[PDB]
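*Asks:* Got a sequence here, can you build the structure:
(2 chains, ligands or ions: 6)
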Number of protein chains: 2
Amino acid sequence: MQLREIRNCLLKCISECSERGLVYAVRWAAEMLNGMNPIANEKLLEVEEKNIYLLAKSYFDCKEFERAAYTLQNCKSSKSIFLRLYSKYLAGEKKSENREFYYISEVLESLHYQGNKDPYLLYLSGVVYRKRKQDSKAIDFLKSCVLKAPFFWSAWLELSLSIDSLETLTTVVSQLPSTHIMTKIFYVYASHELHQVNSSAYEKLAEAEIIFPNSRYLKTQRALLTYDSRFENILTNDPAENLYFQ
Amino acid sequence: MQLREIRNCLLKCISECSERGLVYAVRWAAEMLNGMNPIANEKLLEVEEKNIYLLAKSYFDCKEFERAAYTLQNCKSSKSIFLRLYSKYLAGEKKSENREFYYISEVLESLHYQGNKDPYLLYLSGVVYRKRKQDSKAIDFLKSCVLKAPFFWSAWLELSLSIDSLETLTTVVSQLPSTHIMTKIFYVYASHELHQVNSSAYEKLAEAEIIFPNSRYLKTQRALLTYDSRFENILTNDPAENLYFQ
Ligand SMILES: [Hg+2]
Ligand SMILES: [Hg+2]
Ligand SMILES: [Hg+2]
Ligand SMILES: [Hg+2]
Ligand SMILES: [Hg+2]
Ligand SMILES: [Hg+2]
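*Replies:* Numbers count the residues shown, from 1 in each chain, chains lettered A, B, ... in the order given. Ligands and ions are numbered 1, 2, ... in the order given. Now the structure:
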């Protein structure tokens, strides 16, 4: 066998196993790949860190969050840094069930000061500030995240949870591209989550259904807005499920 | 926005979020993708099922194994069938903590009779027969799996657990490509797992270390073979960790 053939076979294993949920085979292959003799700023850094990132993500997928974080201790790409902090955050929360929280906040603030604008890090800064009850800051980070990654649902959801009134909701929406379908979807979600649904929400929802006529998510939104106007029954689901928290 | 642009943006979200472990954003994007108007035998079937597979895998990654299985109820590619059965198997085991076990065995046997030779299904048949204590059958399926997918670690591990003597171990190894590095690695693992380590195991291990000199896995194997001849100390780790069961 050629070295490059072995590498390629391990890499194809990783892909086929991760697609099928076989996280232990992925972890083993990633360990072996990393054990071989070694063979714009961000993209280069991601290529350089690719093997070590694969190993850290395999641990993360086995729920080894401490080990994933430690694996990434030397890495510098924004992708690596995100997984490292998100690992630390989940490992701190596993153990709560958060000693790591202040640490994560400081790393994120240094990153901001340095001028990092990676949308996944901006999302974690958002989550951190919301949890510190710093809502104005949370909103400003999450808006910056969804401007860059408008199809990233979890940022829009955290944005909605950072917003405490329809007035604040209309202020934020006034700063987002009003034509963009995700802005429309967010508006519907956040109006319902605030329980302040007017006519515009129904209009926006009808627009989103033209593009996604059979979405389980939008069907739920429609059922919720229908209850708002006042087999499965949406009222008998856990509301955490209907709100997409679970 | 073009329809194809929206689709492409959702697909790029899925990739970037799944790489970072953001399973909830992936599930939302997969639901939306599947809600759009719709737009050798196996490869074709995988292309056809690709969207629905993405949705089922997103549920599987959120630990929604029943829902993943139900999502795949109409699918026919071997990849889809594997995830469906593996979901059912994990959902049956979650609930044990297995009503699904007999059902999975029957689907796998029909598949075998039909002449399916997908190595991931052959692995699940292996796991099923081993658990029925049908070791000869387990071995025959797992050998067929690793002949097709020799870098798939979990099949080699299940093969080792199906083997109860060095004599059976030497019978099986006599049927595998003796030159192939994974055969060598398996031999080392299975000899230690049997506690029947002779000189050949040390030889095979030394050969594997030429290619993977810094593998965490092989370092552990070396420490274990060293204990066999009789910072971290391998004797104080959980043996389930050292044996790669966890
Ligand atoms: Hg290969
Ligand atoms: Hg593989
Ligand atoms: Hg690194
Ligand atoms: Hg996009
Ligand atoms: Hg995205
Ligand atoms: Hg299907």
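
*Asks:* Contact residues of chain A facing ligand 2?
*Replies:* Selection of chain A residues close to ligand 2 by C-beta under 5 Å from the ion yields residue A:13. Using the backbone N, CA and C atoms, a C-beta is placed for each residue, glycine as well.

*Asks:* Return the nearest residue of chain A with respect to ligand 3.
*Replies:* Chain A approaches ligand 3 most closely through residue A:75 (3.4 Å), counting by C-beta to the ion.

*Asks:* That residue: what secondary structure?
*Replies:* Three-state call for residue A:75 (DSSP: H, G, I helix; E, B strand; the rest coil): coil.

*Asks:* contacting residues around the nearest residue to it once chain neighbours are set aside?
*Replies:* Spatial nearest neighbour of residue A:75, chain neighbours left out: residue A:49 (4.9 Å); criterion: C-beta to C-beta, 6 or more residues apart in numbering or on different chains. By C-beta atoms under 8 Å, 6 or more residues apart in numbering or on different chains, residue A:49 lies in contact with A:75, A:76, A:77, A:79, A:80.

*Asks:* Going by distance to residue B:213, which of those wins?
*Replies:* The closest of the contacts of residue A:49 to residue B:213 turns out to be residue A:75 (C-beta to C-beta; 21.7 Å).

*Asks:* what about the closest one, how many neighbours?
*Replies:* Residues near residue A:75, counting by other C-beta atoms under 10 Å in any protein chain shown, number 19.

*Asks:* isn't it right next to residue A:54, touching?
*Replies:* No. Under the criterion of C-beta atoms under 8 Å, residue A:75 is not in contact with residue A:54, lying 11.7 Å apart.

*Asks:* what sits against the residue most central in space within chain A?
*Replies:* For chain A, the residue nearest the mean C-alpha position is residue A:154 (4.9 Å; C-alpha atoms, centre = their mean). By C-beta under 8 Å, 6+ apart, the contact list for residue A:154 reads A:123, B:17, B:22, B:24, B:25, B:28.

*Asks:* And residue A:161, how close does it get to residue A:1?
*Replies:* Distance, residue A:161 to residue A:1, using C-beta to C-beta, to the nearest Å: 52 Å.

*Asks:* Look at the two and report which has more neighbours.
*Replies:* For the pair residue A:161 and residue A:1, the greater number of neighbours falls to residue A:161 (18 against 11), based on other C-beta under 10 Å.

*Asks:* still on that earlier bit, in helices, which of the contacts of residue A:154 fall?
*Replies:* A:123, B:17, B:24, B:25, B:28 (DSSP state H).

*Asks:* Residues of chain A that sit close to ligand 3?
*Replies:* Applying C-beta under 5 Å from the ion, we find that chain A lies next to ligand 3 at A:49, A:52, A:74, A:75.

*Asks:* okay, among the residues you listed, which ones form the most distant pair?
*Replies:* Distances among the residues of chain A next to ligand 3 were taken as C-beta to C-beta; the most separated pair is A:49 and A:74, at 8.8 Å.

*Asks:* Output the set of residues of chain A in proximity to ligand 5.
*Replies:* Within chain A, the positions adjacent to ligand 5 are A:151, A:152 by C-beta under 5 Å from the ion.

*Asks:* give me the residue from chain A nearest ligand 6.
*Replies:* In chain A, the residue found nearest to ligand 6 is residue A:214; the distance is 14.3 Å by C-beta to the ion.

*Asks:* nearest spatial neighbour of that residue, skipping sequence neighbours?
*Replies:* Excluding the flanking residues, the one nearest residue A:214 by C-beta to C-beta, 6+ apart is residue B:35, at 4.5 Å.

*Asks:* Who are the contact partners of that neighbour?
*Replies:* Listed by C-beta under 8 Å, 6+ apart, the contact partners of residue B:35 are A:212, A:213, A:214, A:215, A:216, A:217, A:218.

*Asks:* between the contacts of residue A:49, which is nearest residue B:184?
*Replies:* residue A:75 (32.0 Å).

*Asks:* For that closest one, what are phi and psi?
*Replies:* phi -90, psi 150 (degrees, to the nearest 10).

*Asks:* what sits against it?
*Replies:* Per C-beta under 8 Å, 6+ apart, neighbours of residue A:75: A:45, A:49, A:52, A:53, A:56, A:81, A:84.

*Asks:* go with 7 Å
*Replies:* The neighbours of residue A:75, taking C-beta atoms under 7 Å, 6 or more residues apart in numbering or on different chains as the test, are A:49, A:52, A:81, A:84.

*Asks:* Show me just the buried residues among the residues you listed.
*Replies:* Buried by 16 or more other C-beta atoms under 10 Å in any protein chain shown: A:49, A:52, A:81, A:84, out of the contacts of residue A:75.

*Asks:* Name the nearest of those residues relative to residue A:187.
*Replies:* Distances from residue A:187 to the buried ones among the contacts of residue A:75, taken by C-beta to C-beta, are shortest for residue A:81, at 31.7 Å.

*Asks:* What helices and strands are in contact with the strand or helix carrying the closest one?
*Replies:* Assigned by DSSP states H and E, residue A:81 belongs to helix A:78-96. If contacts are counted by 3 or more C-beta pairs under 7 Å, 6 or more residues apart in numbering or on different chains; DSSP states H and E, helix A:78-96 sits against helix A:50-61, helix A:65-71, helix A:101-114, helix A:119-131.

*Asks:* right, so of these, which gets closest to residue B:88?
*Replies:* Residue B:88 lies closest to helix A:50-61 among these, at 20.3 Å (C-beta to C-beta).

*Asks:* List of residues touching that closest one?
*Replies:* For helix A:50-61, contacts defined as C-beta under 7 Å, 6+ apart pick out A:14, A:23, A:26-27, A:30-31, A:33-34, A:67-68, A:71-72, A:75, A:79-80, A:83, A:87, B:19, B:21.

*Asks:* buried sites along it?
*Replies:* Those would be A:51, A:52, A:53, A:54, A:55, A:56, A:57, A:58, A:59, A:60, A:61, for helix A:50-61 by 16+ other C-beta under 10 Å.
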